[PDB]
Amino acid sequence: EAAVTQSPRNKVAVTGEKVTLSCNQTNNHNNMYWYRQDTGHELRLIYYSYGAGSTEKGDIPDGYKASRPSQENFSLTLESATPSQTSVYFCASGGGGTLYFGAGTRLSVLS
């Protein structure tokens, strides 16, 4: 979906840096998600949201914080960047059933 846009597409962070990945969706969907894929393999859920004001931990929420200020904005925050977090982050929205993903955000953590 061209409705899901992440920012930025490429980010390099220093160890300890507070990083915030941003997602925007004009699909008018209530559900939004943040996955990470780091081997071109399985994508794993970090955090999701049932709608504005909702913030639910995924399978690997450690080191991550999330925020759903509004309907179309869901941001993932790495409070203190650590190399274990270098990976490609994908955001998705969905109104039940099908999930629509953004282009992805490649984030690397230099020590």
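Counting begins at 1, following the sequence as shown.
*asked:* When the Cα temperature factors in the entry are averaged, is it 36-44 or 63-71 that ends up higher?
replied: Mean CA B-factor is higher for 36-44.
*Where do the C-alpha atoms have the higher mean temperature factor in this entry, in 45-53 or in 72-80?*
Stretch with the higher mean C-alpha B-factor: 72-80.
*Would you check the entry's CA temperature factor for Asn31 and let me know if it's in the chain's lowest, middle or highest third?*
CA B-factor rank for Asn31: middle third.
*Relative to the other modelled residues of the same chain, rank the CA B-factor of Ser108 and answer lowest, middle or highest third.*
Its C-alpha B-factor, which the entry lists for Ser108, ranks in the middle third among residues of this chain.
*Would you please rank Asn10 by its C-alpha temperature factor against the other modelled residues of its chain and give the third it falls in: lowest, middle or highest?*
Highest third of the chain for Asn10's C-alpha B-factor.
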